[PDB]
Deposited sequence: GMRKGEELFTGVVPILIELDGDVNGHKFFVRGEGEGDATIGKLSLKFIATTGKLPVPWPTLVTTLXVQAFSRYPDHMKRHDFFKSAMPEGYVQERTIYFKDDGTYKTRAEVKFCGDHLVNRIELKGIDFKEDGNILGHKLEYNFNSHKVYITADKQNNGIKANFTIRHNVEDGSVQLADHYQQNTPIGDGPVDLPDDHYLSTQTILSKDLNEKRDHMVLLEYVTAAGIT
């Protein structure tokens, strides 16, 4: 399973979104290198201008590419579920605003890792930080706390994303995560640990479509 990740893996991502009735579709393509915990991806909104800020979509848009140091290999649920993959479900509570509910299927199809997701958002304020497009185009570093979920043969994750707002304030998004293996087969169930993340967002200056270029480094830690 971790065998599928010894080198560079091409990635396809597709997000079917609905936020307060506003419908959008995003496609991403690029590559992940789990030996160094690196993701390089470009996303396009194929439906025109997004109704939500790009940074609110970052956590939704493949943690199998986290670098798990050698002494932590037995704790890497994400890779062990491959190639059949895992379902990743989240509820994201934007503080003083609406919620995202996401379901994604992450698997291999031949040589590509594929992440297909539907996202539904409700209860957002039309003049809030999200529909009012008031979030800075950057992304902070976080700790994704992972715990085993033996009942469901998977894992759970909890973490709070901090979104910088244009006026200097911070928009919190509380993430509640569950992953379940898709196929029957042994999976690694981890002890408590976290993923430490870093993300940098840029633009293609010759790209006229609404888009986000992303580079991300992730390392598992919290086990000495």
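Stretches of the deposited sequence absent from the structure, as judged by C-alpha coordinates, are 1-4, 66.
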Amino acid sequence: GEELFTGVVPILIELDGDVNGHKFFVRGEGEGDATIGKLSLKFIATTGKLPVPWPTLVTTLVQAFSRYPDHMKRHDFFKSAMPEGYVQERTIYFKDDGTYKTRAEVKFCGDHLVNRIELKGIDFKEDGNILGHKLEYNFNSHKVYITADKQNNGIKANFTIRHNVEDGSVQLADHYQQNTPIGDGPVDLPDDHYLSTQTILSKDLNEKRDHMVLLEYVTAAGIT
From here on, numbers count along this sequence of modelled residues.
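In the other compared entries of this protein that model both flanking residues, residue 192 has coordinates in every one, well short of a third left out. Compared with the other entries of this protein, residue 69 is consistently built, present in every one of those that build its neighbours rather than absent from a third. Look at the C-alpha B-factors of 157-165 and of 182-190. On average they run higher in 182-190.
In this entry, 166-174 has the higher mean Cα B-factor, the comparison being between 166-174 and 52-60. Placement of the Cα temperature factor of residue 207 within the chain: highest third of the modelled residues, per the deposited record. In the PDB entry, residue 91 places in the middle third of its chain by CA B-factor.
In this PDB entry, the Cα temperature factor of residue 138 sits in the bottom third of its chain's modelled residues, the lowest group. The PDB entry assigns residue 106 a C-alpha temperature factor belonging to the lowest third of its chain's modelled residues. Among the modelled residues of its chain, residue 124 has a C-alpha B-factor that falls in the highest third, as given in the PDB entry.
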